[PDB]
Amino acid sequence: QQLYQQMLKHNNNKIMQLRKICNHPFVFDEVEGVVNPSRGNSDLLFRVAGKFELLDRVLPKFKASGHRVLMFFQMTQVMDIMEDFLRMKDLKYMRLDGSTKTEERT
Amino acid sequence: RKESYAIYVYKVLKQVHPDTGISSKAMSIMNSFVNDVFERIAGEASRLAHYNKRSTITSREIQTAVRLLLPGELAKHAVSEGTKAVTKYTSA
Amino acid sequence: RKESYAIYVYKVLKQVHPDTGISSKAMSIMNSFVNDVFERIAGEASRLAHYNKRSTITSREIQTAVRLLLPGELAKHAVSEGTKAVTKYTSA
Amino acid sequence: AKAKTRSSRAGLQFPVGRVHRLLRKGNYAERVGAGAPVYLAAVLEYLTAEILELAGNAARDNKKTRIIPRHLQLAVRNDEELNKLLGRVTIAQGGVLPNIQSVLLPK
Amino acid sequence: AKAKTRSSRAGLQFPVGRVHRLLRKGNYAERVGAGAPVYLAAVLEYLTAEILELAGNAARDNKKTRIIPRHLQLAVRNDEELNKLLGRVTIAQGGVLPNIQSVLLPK
Amino acid sequence: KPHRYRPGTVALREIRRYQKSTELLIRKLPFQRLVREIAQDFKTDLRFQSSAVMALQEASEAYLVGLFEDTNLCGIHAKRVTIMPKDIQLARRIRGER
Amino acid sequence: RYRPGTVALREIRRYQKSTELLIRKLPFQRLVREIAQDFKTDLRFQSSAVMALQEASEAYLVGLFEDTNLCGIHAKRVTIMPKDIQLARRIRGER
Amino acid sequence: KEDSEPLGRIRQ
Amino acid sequence: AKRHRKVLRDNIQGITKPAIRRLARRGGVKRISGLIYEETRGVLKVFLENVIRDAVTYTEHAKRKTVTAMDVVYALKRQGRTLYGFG
Amino acid sequence: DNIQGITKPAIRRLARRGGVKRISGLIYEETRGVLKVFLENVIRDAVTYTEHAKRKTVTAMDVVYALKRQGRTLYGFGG
DNA sequence: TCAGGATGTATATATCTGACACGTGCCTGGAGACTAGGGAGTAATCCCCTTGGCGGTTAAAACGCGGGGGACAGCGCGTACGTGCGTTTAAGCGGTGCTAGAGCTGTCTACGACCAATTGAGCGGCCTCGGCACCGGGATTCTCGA
DNA sequence: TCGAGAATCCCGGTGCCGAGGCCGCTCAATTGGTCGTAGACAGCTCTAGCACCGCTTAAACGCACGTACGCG
């Protein structure tokens with residue numbers, strides 16, 4: 001809320017940065033350091049981003065329900081944080097994107 | 001007759017160090033100093049007008065010329081003083 | 001329109017090494033070269049006339065400016081060339 | 001028809017009128033803005049004043065009550081920014097700053 | 001009323017008329033003498049010819065048919081006198097002249 | 001053992017190679033980022049023409065190469081073939097850049 | 001007597017402290033006129049013209065010696081040599 | 001919100 | 001890393017050790033001490049700050065937001081380093 | 001020879017003001033060579049200005065202009 | 001490391017002048033008032049160029065690592081430079097004496113700005129092809145060792 | 001002092017895209033008159049600049065010796 005309001009007022013970041021913080025504050029490295037200097041897999045990782053508390057509402061019961069899920073992202077930390085969220089919740093996953101090579105794509 | 005800035009330099013000196021006087025050699029140096037600065041600023045202002053395909057030198061060009069001439073704080077204060085002078089001049 | 005000296009430089013090239021061509025990059029360099037020299041000569045002639053309290057730049061000032069700009073023999077030939085050109089011009 | 005000079009209107013010690021004329025006589029441009037010579041004169045004054053201040057300080061250090069070329073040299077060469085401003089300027093009768101390299105000095 | 005260019009009257013390849021206009025547009029003086037742009041254009045041509053001559057020679061030496069920035073660099077820097085003229089000039093893509101100090105070479 | 005050239009042989013080859021060629025030696029995108037960062041300290045939200053950057057790089061490399069030329073000379077003066085910070089600093093001090 | 005260099009330092013202090021010209025004026029004038037002969041004969045000079053030439057010339061040479069000194073001490077020597085002058089000029093770009 | 005004191009710096 | 005890239009180094013570090021070496025080779029330097037690389041970066045940074053400052057000043061004066069090649073040229077010209085080939 | 005009119009001690013004095021402690025004997029001749037060149041350049045320019053103005057006396061201002069031309073602005077002699 | 005002494009530097013006291021501060025009369029250059037017109041400000045369009053990010057390859061940057069070559073500290077030799085003293089000589093400072101040229105003023109006119117009528121020189125757009133880049137390959141030399 | 005692996009130079013085919021040329025279009029360079037005035041020039045002045053010398057004296061020079069720094 002504050003990142004949005006502050007950046008809304010601070011000012012292509014008017015689209016991009018607001019997207020970045022909507023996706024997850026810590027994609028901006030410095031705010032990660034400020035909010036959580038240790039940079040570890042803390043619960044703050046969830047607390048600071050509504051979209052993943054939603055995943056706490058979904059992916060647990062979802063896995064428990066015997067279902068599988070695909071999902072699509074913006075690059076950089078937008079995906080890497082998921083790896084952390086998934087590891088924090090012991091949600092086994094795979095990850096594929098432009099940086100991976102055709103062998104492991106297959 | 002031949003004009004100079006001798007009396008203006010002198011008045012300024014009196015406004016800074018009332019008691020202090022100035023030798024004629026020092027004065028001639030200050031005179032040539034003023035001419036040098038005048039020319040450098042005017043010269044830059046001139047080409048600024050040409051760079052923008054304009055033809056009038058105003059306080060904007062001179063201000064910029066100052067920023068493109070004086071280093072660091074000299075620029076900061078010179079600009080400040082210029083601003084005030086013009087402000088007062090046009091205000092009254 | 002954006003005038004330049006490309007065509008004139010080109011013509012000169014063909015009068016010196018008729019078969020030799022020139023890349024467009026090299027041409028832009030030559031273009032900026034001509035502008036540089038033009039400015040230097042004109043600039044000197046300008047203040048030269050000014051030094052003598054004169055308002056008109058004539059071939060005398062341009063000549064002197066060349067002598068005050070180009071080095072050695074280069075200057076001597078430039079002066080010779082200019083002199084000749086003017087001579088012919090005034091005849092015609 | 002009460003007259004009042006532009007220098008006095010601006011509150012400057014430099015001849016704004018003269019400056020204005022000089023800008024026109026020097027052919028720096030086709031037209032000279034009314035606020036131009038005012039702005040400029042202020043700058044000329046500013047720089048003049050700062051040097052004179054430092055020169056006076058130099059005179060005081062040498063127990064003199066009159067500024068001489070040496071003082072001007074000391075003033076300019078000591079101040080960093082003035083030194084940069086006048087980096088290509090030779091001041092007649094100024095001399096050089098006192099300065100002996102430690103490599104030449106005894107141990 | 002047959003028109004004839006001023007450059008053809010002078011026997012020059014440079015646009016004397018243009019030069020004349022440029023002198024008046026650059027405000028170099030109040031007035032520009034009729035022979036001033038003629039004289040000047042000739043000089044500009046002369047210098048142009050000097051560089052192109054050498055540049056073409058450089059192209060020949062490199063087995064090329066077109067002059068490239070490299071040739072211009074080599075031309076100017078080899079010609080000491082032109083080198084002085086353009087001593088403060090950087091030529092884009094020109095590179096530098098081949099030059100290894102003998103002290104750096106092996107026995 | 002595999003072939004190894006005596007240290008300096010390769011150096012001379014590089015010197016010949018780089019003096020002979022004319023291309024830029026600094027990676028362009030790294031150069032741009034450097035420029036853009038510096039620019040932010042004078043005014044934010046500036047844009048650059050791509051040619052503006054090229055102008056900066058042509059000048060920048062010309063400058064540094066010239067500096068190295070003089071630096072090299074200073075090292076030689078002091079009977080060294082290895083250039084040191086002292087030589088760079090001297091060269092600039094003599095030029096009047098500091 | 002004094003140990004060589006003690007007096008030299010005294011002289012350095014002395015000359016940096018003072019501001020007068022260091023080159024004999026009449027020898028200097030003759031040098032100027034001699035040089036002038038190669039550009040045009042029958043020239044005259046204002047006395048102040050010569051003074052301007054001399055002072056500018058001395059300022060130039062003093063600056064040269066300053067830089068020369070830097071080169072000499074760069075090489076860990078305290079004696080300046082011709083090659084240090086030449087270096088300084090070469091670095092400045094006066095060559 | 002909570003820690004606005006340090007967040008007041010990161011916004012810079 | 002994998003979890004967090006942590007790849008932010010510095011823009012001045014974009015001028016690499018071999019990039020500097022190459023410049024020196026063109027300069028004619030045979031051997032380079034290890035401290036040169038850092039010193040060179042410092043020098044370049046300063047050089048660019050001066051040129052860029054002039055260039056953006058011209059840009060501000062003209063009330064534009066895009067710095068042009070001509071603005072760079074003027075900056076260089078101002079400092080006595082005339083650059084040919086960019087108009 | 002007027003170039004030899006610049007004496008050994010004159011040069012030494014200049015060097016002293018420049019902060020030079022010890023001076024090689026070769027310096028004295030080298031210095032003269034340098035000065036000669038310097039003056040030739042300044043004088044050549046000054047003369048040129050004098051010729052341009054159709055005068056016979058080289059003025060201080062012509063000297064000053066020559067120095068300004070070469071990037072060595074000189075204060076105190078007018079200009 | 002410390003006291004004596006020779007030199008040098010610095011410091012109070014006259015005293016003396018000429019260079020700076022200041023008063024006065026003149027005069028031209030600056031201020032005031034007024035008018036025209038064109039340059040610059042300002043709005044509205046548009047569209048080309050800039051920016052931010054991603055995908056995918058690959059040359060290049062980074063990194064370790066041995067090892068030889070240069071930097072550098074030390075040390076001896078000797079010669080060139082400083083320092084001092086006696087001697088010369090040329091600069092500095094006063095004269096005379098002449099006139100060449102800088103400078104000022106008054107004419108007077110060729111000559112460059114100004115304006116309008118005219119047209120082809122140069123410029124943008126658009127073909128077109130060979131000069132030069134680029135790869136395949138094979139002779140040639142260039143820097144190491146036995 | 002002659003061989004061996006690697007860098008280089010030369011030759012030949014490919015081919016492609018930036019230089020060279022053609023062409024229509026316009027606007028800036030001509031031509032032709034005017035007209036005010038900046039500069040050429042004549043003339044007059046007078047002063048600063050040049051040339052030389054007399055005289056004093058402070059610096060320049062030549063010589064000689066120790067030794068410290070340049071150099072290997």
# chains A, B, ... in the order shown; residues from 1 in each chain; ligands from 1

call {"tool": "residues_around", "arguments": {"residues": "residue 67 (chain L)", "least_positions_apart": "4", "cutoff": "12 Å", "atoms": "only C-alpha atoms (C1' of nucleotides)", "output": "JSON, numbers by chain"}}
result
{"G": [3, 4, 5], "K": [78, 79, 80, 81, 82, 83]}

call {"tool": "residues_around", "arguments": {"residues": "region 49-65 of chain E", "least_positions_apart": "3", "cutoff": "9 Å", "atoms": "only C-alpha atoms (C1' of nucleotides)", "output": "MDAnalysis selection string"}}
result
(chainID C and resid 9 12:13 15:17 19:22 30) or (chainID E and resid 44:46 68 70:76 79 82) or (chainID K and resid 131:132)

call {"tool": "residues_around", "arguments": {"residues": "residue 49 (chain F)", "least_positions_apart": "4", "cutoff": "9 Å", "atoms": "only C-alpha atoms (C1' of nucleotides)", "output": "PyMOL selection string"}}
result
(chain F and resi 53-54) or (chain I and resi 66-69) or (chain K and resi 49-50)

call {"tool": "closest_atom_pairs", "arguments": {"of": "chain G", "to": "chain J", "cutoff": "6 Å", "atoms": "only C-alpha atoms", "output": "Markdown table"}}
result
| residue | atom | partner | partner_atom | distance |
| --- | --- | --- | --- | --- |
| G:12 | CA | J:16 | CA | 4.7 |
| G:15 | CA | J:17 | CA | 5.0 |
| G:16 | CA | J:17 | CA | 4.9 |
| G:23 | CA | J:10 | CA | 5.5 |
| G:27 | CA | J:5 | CA | 5.2 |
| G:31 | CA | J:2 | CA | 5.0 |
| G:43 | CA | J:56 | CA | 5.3 |
| G:44 | CA | J:57 | CA | 4.2 |
| G:45 | CA | J:58 | CA | 4.8 |
| G:46 | CA | J:59 | CA | 5.4 |
| G:48 | CA | J:60 | CA | 5.6 |
| G:49 | CA | J:60 | CA | 3.7 |
| G:62 | CA | J:18 | CA | 4.9 |
| G:65 | CA | J:18 | CA | 5.2 |
| G:66 | CA | J:18 | CA | 4.7 |
| G:69 | CA | J:20 | CA | 5.9 |
| G:78 | CA | J:22 | CA | 5.9 |
| G:79 | CA | J:22 | CA | 4.5 |
| G:80 | CA | J:23 | CA | 5.2 |
| G:81 | CA | J:24 | CA | 5.5 |
| G:82 | CA | J:27 | CA | 5.5 |

call {"tool": "write_last_selection", "arguments": {"atoms": "N, CA and C atoms", "output": "short mmCIF file (atom, residue, chain, number, x, y, z; two decimals), in the first residue's frame"}}
result
data_model
loop_
_atom_site.label_atom_id
_atom_site.label_comp_id
_atom_site.auth_asym_id
_atom_site.auth_seq_id
_atom_site.Cartn_x
_atom_site.Cartn_y
_atom_site.Cartn_z
N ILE G 12 65.60 29.33 -3.10
CA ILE G 12 64.26 29.01 -3.54
C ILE G 12 63.26 29.80 -2.76
N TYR G 15 63.43 33.53 -3.96
CA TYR G 15 62.86 33.85 -5.24
C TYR G 15 61.38 33.60 -5.31
N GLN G 16 60.87 32.65 -4.55
CA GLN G 16 59.44 32.46 -4.55
C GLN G 16 58.77 33.56 -3.76
N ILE G 23 65.25 38.12 -15.34
CA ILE G 23 66.11 38.29 -16.50
C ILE G 23 66.46 39.75 -16.78
N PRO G 27 69.35 42.71 -22.12
CA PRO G 27 69.63 41.50 -22.85
C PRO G 27 68.36 40.93 -23.39
N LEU G 31 67.23 40.39 -27.40
CA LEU G 31 66.76 39.11 -27.88
C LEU G 31 65.46 39.25 -28.63
N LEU G 43 60.79 47.36 -37.28
CA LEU G 43 59.73 47.36 -36.29
C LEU G 43 60.16 48.10 -35.07
N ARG G 44 59.20 48.68 -34.39
CA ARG G 44 59.45 49.36 -33.15
C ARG G 44 58.69 48.66 -32.06
N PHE G 45 59.02 48.95 -30.83
CA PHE G 45 58.26 48.37 -29.74
C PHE G 45 57.91 49.37 -28.70
N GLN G 46 56.72 49.25 -28.15
CA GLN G 46 56.41 50.07 -27.01
C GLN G 46 57.20 49.49 -25.88
N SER G 48 56.24 49.02 -22.99
CA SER G 48 55.34 48.13 -22.31
C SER G 48 55.13 46.86 -23.10
N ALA G 49 55.32 46.93 -24.42
CA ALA G 49 55.21 45.74 -25.24
C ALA G 49 56.29 44.77 -24.88
N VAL G 62 59.08 29.65 -15.84
CA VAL G 62 58.94 29.19 -14.48
C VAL G 62 58.01 28.01 -14.42
N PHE G 65 59.79 24.95 -15.56
CA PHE G 65 60.67 24.39 -14.55
C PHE G 65 59.91 23.67 -13.48
N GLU G 66 58.73 24.16 -13.13
CA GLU G 66 57.91 23.46 -12.16
C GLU G 66 57.61 22.06 -12.64
N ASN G 69 60.70 19.84 -12.82
CA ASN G 69 61.03 19.34 -11.52
C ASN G 69 60.23 18.12 -11.19
N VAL G 78 67.10 14.49 -8.06
CA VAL G 78 66.79 15.86 -7.67
C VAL G 78 67.46 16.83 -8.61
N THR G 79 68.24 16.30 -9.54
CA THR G 79 68.89 17.13 -10.52
C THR G 79 68.06 17.14 -11.79
N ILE G 80 67.60 18.29 -12.23
CA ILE G 80 66.80 18.27 -13.44
C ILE G 80 67.71 18.12 -14.64
N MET G 81 67.25 17.39 -15.64
CA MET G 81 68.03 17.16 -16.86
C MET G 81 67.22 17.52 -18.08
N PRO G 82 67.85 17.81 -19.21
CA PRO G 82 67.26 18.19 -20.48
C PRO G 82 66.15 17.26 -20.87
#

call {"tool": "closest_residue", "arguments": {"among": "E:17, E:35, E:26, E:106", "to": "chain C", "atoms": "only C-alpha atoms"}}
result
E:35

call {"tool": "closest_atom_pairs", "arguments": {"of": "chain F", "to": "chain K", "cutoff": "10 Å", "atoms": "only C-alpha atoms (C1' of nucleotides)", "output": "Markdown table"}}
result
| residue | atom | partner | partner_atom | distance |
| --- | --- | --- | --- | --- |
| F:3 | CA | K:144 | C1' | 7.5 |
| F:4 | CA | K:144 | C1' | 7.9 |
| F:5 | CA | K:144 | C1' | 6.9 |
| F:6 | CA | K:144 | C1' | 8.2 |
| F:7 | CA | K:69 | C1' | 8.2 |
| F:8 | CA | K:69 | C1' | 9.9 |
| F:9 | CA | K:143 | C1' | 8.4 |
| F:47 | CA | K:50 | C1' | 7.2 |
| F:48 | CA | K:50 | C1' | 7.9 |
| F:49 | CA | K:50 | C1' | 7.9 |
| F:50 | CA | K:50 | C1' | 9.0 |
| F:80 | CA | K:71 | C1' | 8.1 |
| F:81 | CA | K:70 | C1' | 8.2 |
| F:82 | CA | K:70 | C1' | 8.3 |

call {"tool": "residues_around", "arguments": {"residues": "residue 39 (chain C)", "least_positions_apart": "5", "cutoff": "12 Å", "atoms": "only C-alpha atoms (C1' of nucleotides)", "output": "mmCIF file with N, CA, C and O atoms, in the first residue's frame"}}
result
data_model
loop_
_atom_site.group_PDB
_atom_site.id
_atom_site.type_symbol
_atom_site.label_atom_id
_atom_site.label_comp_id
_atom_site.auth_asym_id
_atom_site.auth_seq_id
_atom_site.Cartn_x
_atom_site.Cartn_y
_atom_site.Cartn_z
ATOM 1 N N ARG B 47 27.019 32.046 -28.614
ATOM 2 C CA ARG B 47 26.864 30.789 -29.306
ATOM 3 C C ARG B 47 25.676 29.998 -28.818
ATOM 4 O O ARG B 47 25.149 29.197 -29.575
ATOM 5 N N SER C 32 32.260 18.137 -41.301
ATOM 6 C CA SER C 32 32.506 18.808 -40.042
ATOM 7 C C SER C 32 33.859 19.496 -40.050
ATOM 8 O O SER C 32 34.015 20.538 -39.421
ATOM 9 N N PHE C 33 34.806 18.969 -40.816
ATOM 10 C CA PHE C 33 36.086 19.628 -40.989
ATOM 11 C C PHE C 33 35.936 20.992 -41.590
ATOM 12 O O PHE C 33 36.500 21.958 -41.083
ATOM 13 N N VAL C 34 35.193 21.077 -42.682
ATOM 14 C CA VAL C 34 35.003 22.350 -43.337
ATOM 15 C C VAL C 34 34.354 23.333 -42.409
ATOM 16 O O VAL C 34 34.773 24.483 -42.343
ATOM 17 N N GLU C 44 38.327 34.463 -36.139
ATOM 18 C CA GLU C 44 39.485 35.311 -35.983
ATOM 19 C C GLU C 44 39.302 36.598 -36.726
ATOM 20 O O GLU C 44 39.617 37.657 -36.198
ATOM 21 N N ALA C 45 38.764 36.521 -37.936
ATOM 22 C CA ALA C 45 38.541 37.711 -38.734
ATOM 23 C C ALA C 45 37.591 38.643 -38.031
ATOM 24 O O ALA C 45 37.752 39.858 -38.091
ATOM 25 N N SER C 46 36.614 38.075 -37.345
ATOM 26 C CA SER C 46 35.652 38.851 -36.612
ATOM 27 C C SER C 46 36.302 39.700 -35.565
ATOM 28 O O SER C 46 36.155 40.922 -35.568
ATOM 29 N N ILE C 62 40.331 38.350 -43.812
ATOM 30 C CA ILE C 62 40.343 36.918 -43.997
ATOM 31 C C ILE C 62 41.758 36.444 -44.196
ATOM 32 O O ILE C 62 42.155 35.435 -43.627
ATOM 33 N N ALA C 65 43.609 36.459 -40.974
ATOM 34 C CA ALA C 65 43.092 35.381 -40.158
ATOM 35 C C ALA C 65 43.720 34.062 -40.563
ATOM 36 O O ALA C 65 44.073 33.259 -39.707
ATOM 37 N N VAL C 66 43.901 33.850 -41.861
ATOM 38 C CA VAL C 66 44.564 32.651 -42.335
ATOM 39 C C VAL C 66 45.988 32.602 -41.857
ATOM 40 O O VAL C 66 46.458 31.574 -41.380
ATOM 41 N N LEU C 69 46.039 31.496 -38.452
ATOM 42 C CA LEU C 69 45.404 30.233 -38.151
ATOM 43 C C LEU C 69 46.187 29.059 -38.638
ATOM 44 O O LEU C 69 46.479 28.142 -37.876
ATOM 45 N N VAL E 19 28.881 30.840 -48.661
ATOM 46 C CA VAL E 19 29.856 31.331 -47.715
ATOM 47 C C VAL E 19 29.516 32.738 -47.311
ATOM 48 O O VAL E 19 29.550 33.074 -46.131
ATOM 49 N N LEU E 22 26.682 32.739 -44.948
ATOM 50 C CA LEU E 22 27.078 32.256 -43.643
ATOM 51 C C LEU E 22 27.801 33.307 -42.845
ATOM 52 O O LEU E 22 27.595 33.414 -41.638
ATOM 53 N N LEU E 23 28.616 34.114 -43.504
ATOM 54 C CA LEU E 23 29.309 35.171 -42.804
ATOM 55 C C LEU E 23 28.322 36.182 -42.245
ATOM 56 O O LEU E 23 28.508 36.710 -41.145
ATOM 57 N N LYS E 25 25.134 35.439 -41.527
ATOM 58 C CA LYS E 25 24.276 34.778 -40.562
ATOM 59 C C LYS E 25 24.964 34.557 -39.244
ATOM 60 O O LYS E 25 24.320 34.548 -38.199
ATOM 61 N N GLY E 26 26.275 34.396 -39.272
ATOM 62 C CA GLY E 26 27.021 34.167 -38.049
ATOM 63 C C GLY E 26 27.353 35.446 -37.295
ATOM 64 O O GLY E 26 27.973 35.388 -36.237
ATOM 65 N N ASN E 27 26.939 36.593 -37.822
ATOM 66 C CA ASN E 27 27.183 37.862 -37.165
ATOM 67 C C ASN E 27 28.642 38.087 -36.883
ATOM 68 O O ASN E 27 28.998 38.533 -35.798
ATOM 69 N N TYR E 28 29.501 37.798 -37.845
ATOM 70 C CA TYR E 28 30.910 37.983 -37.590
ATOM 71 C C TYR E 28 31.287 39.450 -37.632
ATOM 72 O O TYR E 28 32.286 39.861 -37.051
ATOM 73 N N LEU E 40 37.795 33.541 -48.725
ATOM 74 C CA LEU E 40 37.571 32.491 -47.771
ATOM 75 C C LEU E 40 37.223 31.181 -48.413
ATOM 76 O O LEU E 40 37.783 30.155 -48.037
ATOM 77 N N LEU E 44 39.037 27.496 -48.010
ATOM 78 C CA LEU E 44 38.346 26.300 -47.584
ATOM 79 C C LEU E 44 38.563 25.195 -48.583
ATOM 80 O O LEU E 44 38.804 24.048 -48.205
#

call {"tool": "interface_residues", "arguments": {"of": "chain E", "to": "chain G", "cutoff": "12 Å", "atoms": "only C-alpha atoms", "output": "short mmCIF file (atom, residue, chain, number, x, y, z; two decimals) with C-alpha atoms, in the first residue's frame"}}
result
data_model
loop_
_atom_site.label_atom_id
_atom_site.label_comp_id
_atom_site.auth_asym_id
_atom_site.auth_seq_id
_atom_site.Cartn_x
_atom_site.Cartn_y
_atom_site.Cartn_z
CA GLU E 80 52.86 17.17 -39.47
CA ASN E 83 48.58 17.56 -37.60
CA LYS E 84 49.31 20.90 -35.99
CA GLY E 87 46.03 18.94 -33.03
CA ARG E 88 42.94 19.14 -30.82
#

call {"tool": "closest_residue", "arguments": {"among": "J:65, J:53, J:78, J:33", "to": "chain K", "atoms": "only C-alpha atoms (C1' of nucleotides)"}}
result
J:53

call {"tool": "residues_around", "arguments": {"residues": "residue 82 (chain I)", "least_positions_apart": "3", "cutoff": "12 Å", "atoms": "only C-alpha atoms (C1' of nucleotides)", "output": "count of residues only"}}
result
31

call {"tool": "interface_residues", "arguments": {"of": "chain A", "to": "chain K", "cutoff": "10 Å", "atoms": "only C-alpha atoms (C1' of nucleotides)", "output": "count of residues only"}}
result
10

call {"tool": "interface_residues", "arguments": {"of": "chain C", "to": "chain L", "cutoff": "9 Å", "atoms": "only C-alpha atoms (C1' of nucleotides)", "output": "number ranges by chain"}}
result
C: 21-24, 54-56

call {"tool": "interface_residues", "arguments": {"of": "chain D", "to": "chain B", "cutoff": "6 Å", "atoms": "only C-alpha atoms", "output": "compact mmCIF listing (two decimals) with N, CA, C and O atoms, in the first residue's frame"}}
result
# COMPACT_ATOMS: atom_id res chain seq x y z
N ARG D 9 18.50 50.96 -10.14
CA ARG D 9 17.25 50.24 -10.09
C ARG D 9 17.47 48.80 -9.69
O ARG D 9 16.71 48.24 -8.91
N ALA D 10 18.53 48.20 -10.22
CA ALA D 10 18.86 46.83 -9.89
C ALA D 10 19.58 46.73 -8.55
O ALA D 10 19.56 45.68 -7.91
N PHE D 14 27.84 47.89 -10.71
CA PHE D 14 28.35 47.95 -12.07
C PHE D 14 27.39 48.66 -13.00
O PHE D 14 26.18 48.59 -12.83
N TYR D 28 27.16 40.34 -30.08
CA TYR D 28 27.05 38.99 -29.59
C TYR D 28 25.78 38.34 -30.11
O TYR D 28 25.68 37.12 -30.21
N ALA D 29 24.81 39.16 -30.47
CA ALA D 29 23.56 38.66 -31.02
C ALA D 29 22.85 39.79 -31.71
O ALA D 29 23.32 40.92 -31.69
N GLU D 30 21.75 39.48 -32.36
CA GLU D 30 21.01 40.51 -33.05
C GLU D 30 20.31 41.40 -32.07
O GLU D 30 20.27 42.62 -32.26
N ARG D 31 19.74 40.81 -31.04
CA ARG D 31 18.98 41.55 -30.07
C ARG D 31 19.50 41.28 -28.67
O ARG D 31 19.99 40.19 -28.40
N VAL D 32 19.40 42.26 -27.80
CA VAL D 32 19.82 42.06 -26.42
C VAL D 32 18.64 42.29 -25.52
O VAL D 32 18.03 43.36 -25.55
N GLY D 33 18.30 41.29 -24.73
CA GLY D 33 17.15 41.36 -23.85
C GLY D 33 17.34 42.39 -22.76
O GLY D 33 18.44 42.60 -22.27
N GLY D 35 16.62 42.29 -19.66
CA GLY D 35 17.15 41.75 -18.42
C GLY D 35 18.55 41.17 -18.56
O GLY D 35 19.14 40.75 -17.57
N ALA D 36 19.09 41.16 -19.77
CA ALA D 36 20.40 40.60 -20.02
C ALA D 36 21.50 41.36 -19.28
O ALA D 36 22.10 40.79 -18.37
N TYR D 39 21.42 41.09 -15.49
CA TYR D 39 21.84 39.81 -14.97
C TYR D 39 23.34 39.71 -15.02
O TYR D 39 23.98 39.30 -14.05
N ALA D 42 25.34 41.89 -12.58
CA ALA D 42 25.33 41.31 -11.25
C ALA D 42 26.39 40.25 -11.12
O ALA D 42 27.09 40.19 -10.10
N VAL D 43 26.52 39.41 -12.13
CA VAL D 43 27.55 38.38 -12.11
C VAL D 43 28.93 38.97 -12.08
O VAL D 43 29.79 38.50 -11.34
N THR D 65 47.86 47.77 3.71
CA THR D 65 46.51 48.30 3.66
C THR D 65 46.11 48.61 2.24
O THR D 65 45.10 49.27 2.02
N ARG D 66 46.91 48.16 1.30
CA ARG D 66 46.66 48.39 -0.11
C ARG D 66 46.91 47.14 -0.92
O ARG D 66 47.94 46.49 -0.78
N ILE D 67 45.96 46.81 -1.78
CA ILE D 67 46.09 45.62 -2.59
C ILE D 67 47.08 45.81 -3.72
O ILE D 67 46.99 46.75 -4.50
N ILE D 68 48.02 44.88 -3.82
CA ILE D 68 48.99 44.93 -4.91
C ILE D 68 48.86 43.62 -5.67
O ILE D 68 48.29 42.68 -5.13
N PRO D 69 49.37 43.52 -6.89
CA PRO D 69 49.31 42.37 -7.78
C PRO D 69 49.67 41.08 -7.09
O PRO D 69 49.05 40.05 -7.36
N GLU D 81 38.37 27.36 -6.71
CA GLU D 81 37.54 27.66 -7.85
C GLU D 81 38.04 28.83 -8.64
O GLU D 81 37.97 28.81 -9.87

call {"tool": "atom_distance", "arguments": {"atom1": "CA of residue 68 (chain A)", "atom2": "CA of residue 56 (chain A)"}}
result
15.1 Å

call {"tool": "select_by_dssp", "arguments": {"residues": "chain C", "states": "strand (DSSP E)", "output": "list in words"}}
result
residues 21, 22, 56 and 57 of chain C

call {"tool": "interface_residues", "arguments": {"of": "chain H", "to": "chain A", "cutoff": "7 Å", "atoms": "only C-alpha atoms", "output": "count of residues only"}}
result
3

call {"tool": "atom_distance", "arguments": {"atom1": "CA of residue 16 (chain D)", "atom2": "CA of residue 4 (chain B)"}}
result
13.4 Å

call {"tool": "interface_residues", "arguments": {"of": "chain K", "to": "chain C", "cutoff": "9 Å", "atoms": "only C-alpha atoms (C1' of nucleotides)", "output": "ChimeraX atom specification"}}
result
/K:122-124

call {"tool": "closest_residue", "arguments": {"among": "G:77, G:92, G:35, G:22", "to": "residue 71 (chain L)", "atoms": "only C-alpha atoms (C1' of nucleotides)"}}
result
G:77
